[PDB]
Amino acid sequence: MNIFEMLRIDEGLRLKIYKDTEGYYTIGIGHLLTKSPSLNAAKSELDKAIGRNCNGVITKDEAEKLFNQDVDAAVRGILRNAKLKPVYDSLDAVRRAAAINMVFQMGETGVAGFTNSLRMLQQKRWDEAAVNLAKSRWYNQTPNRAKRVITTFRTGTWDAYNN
């Protein structure tokens, strides 16, 4: 297990444009295309991202390429964020994957709402953090995925992603 296998479980893999849990056009392994309701706007984003006229379909290789870019960009965003970097750097590698998972799903702007959780994680109060993390729109809207990410922060193991 690692961040790539973890997000591949959580996000799936679809080679045609679909709508994510929030209703937004998406492709591949959870690559958000746009928040616009325009399918044409999404297809345009996809063509820009892949570098060819795709007609709304990509290959597995192309999906994995976008995914690798997306994970990298997520982590580099964390390391440029004065609020997030110190918490990330405080964590072990397993918990760092859980942090990237959150940013991948909700963005830095979503994670901005979790200041009190992030403090508890920096303090290594794992059970308290887990409770605070679940008091969220995130948990209520995607509970099974949030439970897996939260278990990862709580335990510092991959137990939620085995089987």
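Don't overthink the numbering: it's just position in the shown sequence, from 1.
Once the C-alpha B-factors are averaged per stretch, 126-134 and 48-56 rank with 48-56 first. Taking the mean C-alpha B-factor of each stretch as recorded, 107-115 and 25-33 are not equal, and the higher mean is that of 107-115. Among the modelled residues of its chain, residue 82 has a C-alpha B-factor that falls in the highest third according to the deposited record.
Split the chain's modelled residues into thirds by C-alpha temperature factor. Residue 13 is in the highest one. In the deposited entry, the Cα temperature factor of residue 7 places it in the lowest third of its chain's modelled residues.
In the deposited entry, the Cα temperature factor of residue 64 sits in the middle third of values across the chain's modelled residues.
In this PDB entry, residue 94 carries a Cα temperature factor that places it within the middle third of its chain's modelled residues.
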